[PDB]
Amino acid sequence: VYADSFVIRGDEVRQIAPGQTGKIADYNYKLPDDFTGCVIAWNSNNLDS
Amino acid sequence: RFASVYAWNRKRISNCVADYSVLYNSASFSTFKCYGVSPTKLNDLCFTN
Amino acid sequence: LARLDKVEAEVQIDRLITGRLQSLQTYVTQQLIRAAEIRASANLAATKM
């Protein structure tokens, strides 16, 4: 298992899925077409702002 | 000023060379959903009108 | 292929692949039945010879 982690805007979380496109998907973190995994996210305003 | 949606505006665009990458690259759009045409290949494609 | 991104171009092409495979296997079957008819006229033509 490979665990990946990062912070993004709450608007941008929609890009973290297979077959998505956009600045994050295109140039920051690209998922393959046949991705087997799970995408976990939570609001971190109190943590990261 | 934009149209009221009950009176939605329309204009024909024709006899020109596009660059939809300018639109795709711009950050302000909160939605960019393309149906039956895909936003990347959109800039490689060509249309009558 | 000129118009759609891979992840959904696959879905459109999968329809053409199913339809064209079903089209072709129907032709192949009807040729096997026709071949089983001409074979019986070739066995009769050989017998009359």
Item to check | Of the chymotrypsin sites (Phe, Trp or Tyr not before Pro) in chain B, those whose Cβ has at most 16 other Cβ within 10 Å and which sit in DSSP loop | outcome: B:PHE2, B:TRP8, B:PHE29, B:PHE32, B:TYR35, B:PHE47
Checklist entry - So for the protein assembly as shown, taking the charge dipole from beta-carbon charges (+1 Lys/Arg, -1 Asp/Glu), which of C:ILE38, C:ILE13, B:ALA7 sits furthest toward the positive end? => result C:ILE38
Next on the checklist: Can you give me the C-alpha center-to-center distance between the stretch C:5-49 and the stretch B:1-48, rounded to a whole angstrom?
Outcome noted: 45 Å
Checklist entry - 222 nm [θ] for chain B, helices only, -39500 (n - 2.57) per DSSP H run of 4+, per residue, to 500? => result -3000 deg cm²/dmol
Next on the checklist: Which of rounded, prolate or oblate describes chain A when judged by the alpha-carbon gyration tensor and an a/c cut-off of 1.5?
Outcome noted: oblate
Checklist entry - If you average over every viewing direction, what projected area does the convex hull of the Cα atoms of chain B give, in nm²? => result 4.8 nm²
Item to check | Label point distance in nm, A:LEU47-A:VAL7, each placed 7 Å from Cα along Cα→Cβ | outcome: 1.0 nm
Checklist entry - Using only Cα atoms, what Kirkwood radius does the protein assembly as shown have, in angstroms? => result 21.5 Å
Checklist entry - For chain C, what does -39500 (n - 2.57) per DSSP helix run (n ≥ 4), summed and divided by total residues, give at 222 nm, in deg cm²/dmol to the nearest 500? => result -32500 deg cm²/dmol
Checklist entry - Within the protein assembly as shown, how many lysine pairs that are 8 or more places apart, or on different chains, have C-alpha atoms less than 26 Å apart? => result 11
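As a convention, Cβ positions derive from the backbone with ideal geometry for all residues, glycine included, and neighbour counts pool all protein chains shown. Here, each number is a calculation from the coordinates, and none is a lab measurement.
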